[PDB]
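The next block holds one structure in the form of structure tokens; read it before the comments.
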Amino acid sequence: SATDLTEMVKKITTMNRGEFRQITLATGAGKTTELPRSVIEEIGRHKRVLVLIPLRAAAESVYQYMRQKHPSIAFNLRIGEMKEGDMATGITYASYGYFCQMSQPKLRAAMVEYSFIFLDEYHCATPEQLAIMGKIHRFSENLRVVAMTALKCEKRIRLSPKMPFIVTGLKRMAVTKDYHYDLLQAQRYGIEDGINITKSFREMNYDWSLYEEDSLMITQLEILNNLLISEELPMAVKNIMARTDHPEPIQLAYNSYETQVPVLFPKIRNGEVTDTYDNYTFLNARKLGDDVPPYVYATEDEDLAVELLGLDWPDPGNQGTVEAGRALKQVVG
């Protein structure tokens, strides 16, 4: 009721910079909604508060609702292009993806200017959400952060010391969370900054205690993430990733440690190899044929085609890739 909200607001409003609070708001309303509203009415209307929402549509929807409901409070929406030198005063409703456009120093300069940062629906664990949480935690000392919470076919990952070290693919499962695939995709958000997103996630989760952890999986993912950012990404690969409609461009970034040429593996209908190939834009790819590429990162179907055809994946071809393999073997052992 109002008794528990006033206590929650007073606990939030008295937080010092460098502090974190987790909130479970089971009933009502809420969250998104009345919590940052009550916080801003307490700290002052011209102070800045950020509310991070996973879906862009959900952000626009809260923004519309709140601005009509509370005309006395200023509201801002950030779901498109970066508003350069943004200093807008009320509650800012932004998607996590909006902040994924910023470099680490730009991100910090933007973030520190908010009195409070509300991480809404953290349980969704989207790649933009996982990247932002890990990235902002790197300067958490400078922030007041509050995390709030209320069959199907999904991508899963397999990790091994035998190359391809990463294998991703759809899996049949019950309904709503396994965030490993989203964590792997989130890694793309630290390439340009030379940030290990896995390390940032592990460090954030140790302080914030938001997610359950599979220690072996995190350790393996962190070893692979170090390989990912070990060298500057080639400009040719950077351009392809920025422009392709490929569902996992990070595959291009991981594979560049062995090959610059993407390969088109024949599609699998039922449990058999077809004369069909999935062609994505900007790749300038060759078909598999009988020459299997030295992939670090493969898809379940790419691996399946290799098996069905009687082919073998190559072994690590350089020091870096041989070392990732022995590090992964040590960790499993």
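Ligands are numbered from 1 in the order shown, chains are lettered A, B, ... in the order of the structure tokens, and residues start at 1 in each chain.
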
- request: Extract, using only C-alpha atoms, all DNA, RNA and protein residues at most 9 Å from residue 317 of chain A, discarding same-chain residues fewer than 5 positions from it, and format them as JSON, numbers by chain.
  value: {"A": [257, 258, 294, 322]}

Given the selection you just returned, output its residues as a file containing C-alpha atoms, formatted as a tab-separated table (two decimals), in the first residue's frame.
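Generated file (again.tsv):
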```tsv
chain	number	residue	atom	x	y	z
A	257	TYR	CA	40.68	-15.19	-35.36
A	258	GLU	CA	40.94	-18.03	-37.92
A	294	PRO	CA	38.43	-23.14	-39.00
A	322	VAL	CA	45.44	-22.88	-29.08
```

task: Fewer than 6 positions away in the same chain doesn't count, so skip those; otherwise give me all residues within 8 Å of segment 67-73 of chain A, counting only C-alpha atoms, as an NGL selection string.
output: :A and (45 or 90-91)

message: What's the separation between atom CA of residue 110 of chain A and atom CA of residue 186 of chain A, in Å to one decimal place?
response: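 Separating atom CA of residue 110 of chain A from atom CA of residue 186 of chain A is a distance of 20.2 Å.
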
query: Residues at most 8 Å from segment 308-316 of chain A, counting only C-alpha atoms, excluding those fewer than 5 positions away in the same chain, as a count of residues only?
result: 14

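The list of residues with at least one atom within 7 Å of residue 47 of chain A, based on only C-alpha atoms and without residues fewer than 4 positions apart in the same chain, reads residues 43, 89, 90 and 115 of chain A.
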
Taking the DSSP secondary structure from the backbone, can you list the residues of segment 11-213 of chain A that are alpha helix (DSSP H), as a compact mmCIF listing (two decimals) with N, CA and C atoms, in the first residue's frame?
```
# COMPACT_ATOMS: atom_id res chain seq x y z
N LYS A 11 13.91 5.13 1.63
CA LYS A 11 15.10 4.28 1.56
C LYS A 11 15.88 4.57 0.29
N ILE A 12 15.17 4.83 -0.83
CA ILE A 12 15.77 5.16 -2.13
C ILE A 12 16.39 6.55 -2.06
N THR A 13 15.60 7.55 -1.69
CA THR A 13 16.00 8.96 -1.61
C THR A 13 17.17 9.28 -0.68
N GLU A 34 4.94 4.52 -10.53
CA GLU A 34 4.76 5.40 -9.36
C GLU A 34 5.97 5.49 -8.46
N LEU A 35 6.89 4.49 -8.53
CA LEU A 35 8.11 4.51 -7.73
C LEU A 35 9.05 5.66 -8.20
N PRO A 36 9.51 5.73 -9.48
CA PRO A 36 10.35 6.88 -9.89
C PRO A 36 9.62 8.21 -9.79
N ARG A 37 8.29 8.17 -9.90
CA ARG A 37 7.42 9.34 -9.78
C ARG A 37 7.49 9.90 -8.36
N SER A 38 7.35 9.02 -7.36
CA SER A 38 7.43 9.38 -5.95
C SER A 38 8.83 9.85 -5.57
N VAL A 39 9.87 9.21 -6.15
CA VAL A 39 11.28 9.54 -5.95
C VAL A 39 11.58 10.96 -6.47
N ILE A 40 11.16 11.28 -7.73
CA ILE A 40 11.39 12.62 -8.28
C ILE A 40 10.60 13.74 -7.55
N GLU A 41 9.40 13.42 -7.03
CA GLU A 41 8.59 14.41 -6.31
C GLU A 41 9.22 14.73 -4.94
N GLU A 42 10.07 13.81 -4.43
CA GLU A 42 10.78 13.92 -3.16
C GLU A 42 12.10 14.68 -3.32
N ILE A 43 12.90 14.34 -4.34
CA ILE A 43 14.21 14.94 -4.60
C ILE A 43 14.18 16.30 -5.32
N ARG A 56 11.54 -1.13 -26.55
CA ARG A 56 11.32 0.25 -27.02
C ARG A 56 9.82 0.61 -26.94
N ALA A 57 8.95 -0.34 -27.33
CA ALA A 57 7.49 -0.19 -27.33
C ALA A 57 6.99 0.00 -25.92
N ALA A 58 7.53 -0.76 -24.96
CA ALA A 58 7.17 -0.67 -23.54
C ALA A 58 7.56 0.70 -22.96
N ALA A 59 8.74 1.25 -23.36
CA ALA A 59 9.23 2.57 -22.96
C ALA A 59 8.29 3.66 -23.47
N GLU A 60 7.92 3.63 -24.78
CA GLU A 60 7.01 4.61 -25.40
C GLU A 60 5.64 4.56 -24.72
N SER A 61 5.17 3.35 -24.40
CA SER A 61 3.91 3.09 -23.70
C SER A 61 3.88 3.67 -22.27
N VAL A 62 4.96 3.51 -21.48
CA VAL A 62 5.02 4.05 -20.11
C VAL A 62 5.07 5.58 -20.19
N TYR A 63 5.92 6.09 -21.11
CA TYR A 63 6.13 7.51 -21.38
C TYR A 63 4.80 8.21 -21.65
N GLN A 64 4.00 7.66 -22.57
CA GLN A 64 2.68 8.18 -22.93
C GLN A 64 1.76 8.20 -21.73
N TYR A 65 1.64 7.05 -21.02
CA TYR A 65 0.80 6.87 -19.84
C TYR A 65 1.11 7.88 -18.74
N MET A 66 2.38 7.93 -18.31
CA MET A 66 2.88 8.80 -17.25
C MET A 66 2.76 10.30 -17.55
N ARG A 67 3.10 10.73 -18.78
CA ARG A 67 2.99 12.14 -19.09
C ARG A 67 1.55 12.66 -19.09
N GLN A 68 0.56 11.81 -19.49
CA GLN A 68 -0.87 12.15 -19.46
C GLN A 68 -1.38 12.12 -18.02
N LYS A 69 -0.93 11.12 -17.22
CA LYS A 69 -1.32 10.94 -15.82
C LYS A 69 -0.73 12.02 -14.90
N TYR A 96 17.41 0.05 -22.92
CA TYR A 96 18.81 -0.26 -22.68
C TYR A 96 19.62 -0.13 -24.00
N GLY A 97 19.00 -0.49 -25.13
CA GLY A 97 19.59 -0.38 -26.46
C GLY A 97 20.02 1.02 -26.85
N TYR A 98 19.31 2.05 -26.35
CA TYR A 98 19.62 3.46 -26.60
C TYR A 98 21.04 3.78 -26.12
N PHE A 99 21.40 3.29 -24.92
CA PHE A 99 22.70 3.54 -24.31
C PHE A 99 23.83 2.68 -24.87
N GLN A 104 32.25 3.78 -23.76
CA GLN A 104 32.30 3.70 -22.30
C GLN A 104 32.45 5.09 -21.63
N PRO A 105 33.37 5.99 -22.09
CA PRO A 105 33.45 7.32 -21.47
C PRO A 105 32.20 8.19 -21.68
N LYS A 106 31.58 8.11 -22.88
CA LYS A 106 30.34 8.83 -23.23
C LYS A 106 29.22 8.32 -22.32
N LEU A 107 29.11 6.99 -22.19
CA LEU A 107 28.13 6.29 -21.35
C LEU A 107 28.24 6.76 -19.89
N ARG A 108 29.46 6.81 -19.34
CA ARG A 108 29.70 7.24 -17.97
C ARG A 108 29.28 8.71 -17.76
N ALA A 109 29.70 9.62 -18.68
CA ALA A 109 29.35 11.04 -18.66
C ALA A 109 27.82 11.22 -18.69
N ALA A 110 27.09 10.42 -19.46
CA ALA A 110 25.63 10.46 -19.54
C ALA A 110 24.99 9.97 -18.26
N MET A 111 25.46 8.80 -17.76
CA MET A 111 24.93 8.12 -16.58
C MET A 111 25.10 8.86 -15.28
N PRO A 127 20.30 -8.99 -24.38
CA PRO A 127 21.72 -8.65 -24.58
C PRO A 127 22.09 -7.19 -24.29
N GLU A 128 21.19 -6.23 -24.59
CA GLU A 128 21.38 -4.80 -24.33
C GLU A 128 21.33 -4.51 -22.85
N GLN A 129 20.43 -5.17 -22.14
CA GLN A 129 20.25 -5.08 -20.68
C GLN A 129 21.51 -5.62 -19.98
N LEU A 130 21.97 -6.84 -20.36
CA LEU A 130 23.17 -7.47 -19.77
C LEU A 130 24.45 -6.66 -20.00
N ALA A 131 24.57 -6.03 -21.19
CA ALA A 131 25.71 -5.19 -21.56
C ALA A 131 25.68 -3.92 -20.78
N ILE A 132 24.51 -3.24 -20.70
CA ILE A 132 24.40 -1.97 -19.97
C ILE A 132 24.69 -2.13 -18.49
N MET A 133 24.10 -3.14 -17.84
CA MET A 133 24.31 -3.44 -16.42
C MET A 133 25.79 -3.70 -16.09
N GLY A 134 26.46 -4.53 -16.89
CA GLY A 134 27.89 -4.79 -16.76
C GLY A 134 28.73 -3.54 -17.00
N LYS A 135 28.41 -2.77 -18.05
CA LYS A 135 29.12 -1.53 -18.39
C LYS A 135 28.98 -0.43 -17.33
N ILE A 136 27.75 -0.15 -16.87
CA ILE A 136 27.53 0.86 -15.83
C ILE A 136 28.12 0.46 -14.46
N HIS A 137 28.16 -0.85 -14.15
CA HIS A 137 28.74 -1.35 -12.91
C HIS A 137 30.24 -1.01 -12.81
N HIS A 180 22.59 -17.33 -20.97
CA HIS A 180 23.89 -17.57 -21.61
C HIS A 180 24.01 -17.10 -23.05
N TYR A 181 23.00 -17.41 -23.89
CA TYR A 181 23.03 -16.96 -25.28
C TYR A 181 22.99 -15.43 -25.38
N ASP A 182 22.11 -14.79 -24.60
CA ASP A 182 21.99 -13.33 -24.56
C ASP A 182 23.27 -12.67 -24.03
N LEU A 183 23.95 -13.29 -23.04
CA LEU A 183 25.25 -12.84 -22.52
C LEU A 183 26.29 -12.85 -23.63
N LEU A 184 26.33 -13.95 -24.42
CA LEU A 184 27.23 -14.12 -25.54
C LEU A 184 26.96 -13.02 -26.57
N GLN A 185 25.69 -12.77 -26.91
CA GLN A 185 25.36 -11.73 -27.88
C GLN A 185 25.73 -10.33 -27.36
N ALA A 186 25.53 -10.09 -26.04
CA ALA A 186 25.83 -8.85 -25.32
C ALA A 186 27.30 -8.45 -25.45
N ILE A 197 32.63 -8.05 -21.56
CA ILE A 197 31.24 -7.99 -21.08
C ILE A 197 30.95 -9.14 -20.09
N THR A 198 31.49 -10.33 -20.34
CA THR A 198 31.34 -11.47 -19.42
C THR A 198 31.92 -11.16 -18.04
N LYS A 199 33.16 -10.62 -18.01
CA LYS A 199 33.85 -10.18 -16.78
C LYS A 199 33.01 -9.12 -16.06
N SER A 200 32.49 -8.14 -16.82
CA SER A 200 31.64 -7.05 -16.31
C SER A 200 30.35 -7.58 -15.73
N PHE A 201 29.77 -8.60 -16.35
CA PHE A 201 28.56 -9.26 -15.88
C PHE A 201 28.85 -9.99 -14.56
N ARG A 202 29.94 -10.78 -14.53
CA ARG A 202 30.32 -11.51 -13.32
C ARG A 202 30.57 -10.55 -12.15
N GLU A 203 31.27 -9.46 -12.41
CA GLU A 203 31.58 -8.45 -11.39
C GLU A 203 30.35 -7.70 -10.89
N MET A 204 29.44 -7.33 -11.81
CA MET A 204 28.15 -6.69 -11.53
C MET A 204 27.28 -7.64 -10.66
N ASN A 205 27.07 -8.87 -11.12
CA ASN A 205 26.28 -9.88 -10.43
C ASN A 205 26.79 -10.23 -9.03
N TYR A 206 28.11 -10.16 -8.79
CA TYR A 206 28.69 -10.40 -7.47
C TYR A 206 28.19 -9.31 -6.46
N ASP A 207 28.15 -8.05 -6.90
CA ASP A 207 27.71 -6.90 -6.10
C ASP A 207 26.20 -6.75 -6.05
N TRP A 208 25.52 -7.00 -7.18
CA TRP A 208 24.10 -6.77 -7.31
C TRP A 208 23.21 -7.95 -7.03
```

field: Selected residue of minimal separation from residue 327 of chain A among A:141, A:222, A:248, A:303, counting only C-alpha atoms
entry: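 The shortest atom-to-atom distance to residue 327 of chain A comes from A:222.
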
What lies within 9 Å of residue 87 of chain A using only C-alpha atoms, ignoring chain neighbours under 4 positions off, as an mmCIF file with N, CA and C atoms, in the first residue's frame?
```cif
data_model
loop_
_atom_site.group_PDB
_atom_site.id
_atom_site.type_symbol
_atom_site.label_atom_id
_atom_site.label_comp_id
_atom_site.auth_asym_id
_atom_site.auth_seq_id
_atom_site.Cartn_x
_atom_site.Cartn_y
_atom_site.Cartn_z
ATOM 1 N N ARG A 48 17.327 14.866 -12.257
ATOM 2 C CA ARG A 48 17.159 13.922 -13.364
ATOM 3 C C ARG A 48 17.079 12.478 -12.882
ATOM 4 N N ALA A 110 27.087 10.419 -19.457
ATOM 5 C CA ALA A 110 25.631 10.460 -19.540
ATOM 6 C C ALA A 110 24.994 9.968 -18.259
ATOM 7 N N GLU A 113 25.099 11.932 -14.610
ATOM 8 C CA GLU A 113 24.251 13.118 -14.612
ATOM 9 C C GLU A 113 22.830 12.846 -14.131
ATOM 10 N N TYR A 114 22.506 11.593 -13.817
ATOM 11 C CA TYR A 114 21.199 11.203 -13.289
ATOM 12 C C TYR A 114 21.346 10.985 -11.798
#
```

- prompt: What's the 8 Å shell around residue 94 of chain A, counting only C-alpha atoms, without same-chain residues fewer than 3 positions away, as a list in words?
  reply: residues 50, 51, 52, 53, 56, 59, 77, 78, 79 and 98 of chain A

Set the distance at 7 Å and use only C-alpha atoms: which residues neighbour residue 122 of chain A once local chain neighbours fewer than 3 positions away are removed? I'd like the list as a PDB file with C-alpha atoms, in the first residue's frame.
```pdb
ATOM      1  CA  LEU A 119      16.824  -0.894 -13.990  1.00  0.00           C
ATOM      2  CA  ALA A 125      18.075 -10.457 -19.308  1.00  0.00           C
ATOM      3  CA  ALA A 147      16.922  -2.802  -9.793  1.00  0.00           C
ATOM      4  CA  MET A 148      13.157  -3.493  -9.933  1.00  0.00           C
ATOM      5  CA  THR A 149      11.184  -6.666 -10.740  1.00  0.00           C
TER       6      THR A 149
END
```

task: Go through segment 161-312 of chain A and collect every residue that DSSP, computed from the backbone, puts in strand (DSSP E or B); the answer should be as a ChimeraX atom specification.
output: /A:166-173,263-264,266-269,272-277,286-287,297-299

- request: Go through A:44, A:234, A:289, A:161 one by one, measure the shortest atom-to-atom distance of each to residue 323 of chain A using only C-alpha atoms, and give the residue with the smallest value.
  value: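 Among the listed residues, the smallest separation from residue 323 of chain A belongs to A:161.
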
message: Restricting the calculation to only C-alpha atoms: of A:209, A:168, A:187, A:281, which residue gets closest to residue 245 of chain A?
response: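 Under the stated criterion, the closest residue is A:281.
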
query: Quick one: of A:270, A:176, A:220, A:140, who's nearest to residue 153 of chain A, counting only C-alpha atoms?
result: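 Using only C-alpha atoms, residue 153 of chain A sits closest to A:176.
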